[PDB]
Structures are given as C-alpha cells and as structure tokens.
C-alpha cells in the first residue's frame, strides 16, 4: 500500500523519527541493512539529523540513488553533499558507503557501481528519495531511463544542473522493501496529486515491495 503523511510543522523531526524507528526495526531482524539515499534540498537536512542518532553504523550500508557526472568535490555532487551531512559526520565504515566513481568514463562508472551493488545485496531495505518539481526521481527524468534493463544506467545532459547523470533504474529502486519520498511545498504537492490520478511521472513507478510512504511538508 501507499501511506501519505501531510505535515504542517516539525517536518524534519517527524521524518527523522519515522526513519529512525524503521531502521531500528530492520536492525532487530537483520545483521546488516542496505539503504539507498537521494541527494537534494529536502533529504539533506534529514540526513544531517540522522547522522546524530546512536546507530550501530557498521551494520548500515549506504548507496546513492544517483549522481551528477561531475567531479566528486563539486558542490553539484550528491556524494559531496551527503558526505558533508552524513558520511563524514557519523562514524560509518568506509567500506559501507557506496557511490558513483565519476572519475571513470560514464559507462564504466555505471558498470562499476552496478557490480558493487550486486556484490553488497540483492535487495535494498530502505530507499530515501526526493522528487523534483517535474515529478522526476533519482536522476530518472524520462521513462526510457527508468525502464532500462540494468540496475544502473546513465542519461544525456538532463535536469538542473543540465549534466549527464548516473542513476539507479526503476528495477533497482523497486527491489527496496520500503520506499520513502520526502517532498515539500505546493508544486511538489501538485505533482503528487497528479501521481494519485495515475499520471506517469517517473516517481509514479517507484514503489516499495512492502510499502511506499510520502512525507509531505507545507
């Protein structure tokens, strides 16, 4: 099923508490858990507070949902931004953090990341995703991209900044037991209403195997 929380106040705190609870439940059941993270303006503040929680970080493995094909120290890099708020703030083992190596030619960066994901797990436990004001998810802007028969693919220059992207596909995202979307404001609410009326925006196709949850602010 899908659950939508409409929040007026205390957005970040509420989201962090829900994520905390879920992650703690997962860890009662399983030795290691596997978590997919989007970048962007809404997830980052949530990660910043998650980094402060007392988790057994050695049991938690993290994967980017997508990456901009730019240097990893660029302010446009999802790695840099999530490293700043989470990976460099919580004491997560290096081996537990998985990202796109944009120093490689883009196809090779994709294949390397695909191999790493496969090696780590056949199933994500949790995906924490944003959605753009156009309905895009991860760096899936077009349905062809999301439908690619791979776990990881790449795009032509797309989105803003308009740069090539490496992204997990619908296939990869949809192995997640729980998919959480974190959105705020009127435009993204408008896109969510379109999704409720079966408009095939990219985000429409990403569902958790157990549950899809939207945390909607504003």
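Residue numbers count along the first chain shown, from 1.
The entry lists a Cα temperature factor for residue 197 that places it in the lowest third of the chain's modelled residues. The entry lists a Cα temperature factor for residue 34 that places it in the lowest third of the chain's modelled residues. In the deposited entry, the Cα temperature factor of residue 132 places it in the middle third of its chain's modelled residues. Annotation for residue 57: CA B-factor lies in the lowest third of the chain's modelled residues. Among the modelled residues of its chain, residue 174 has a C-alpha B-factor that falls in the middle third according to the deposited record.
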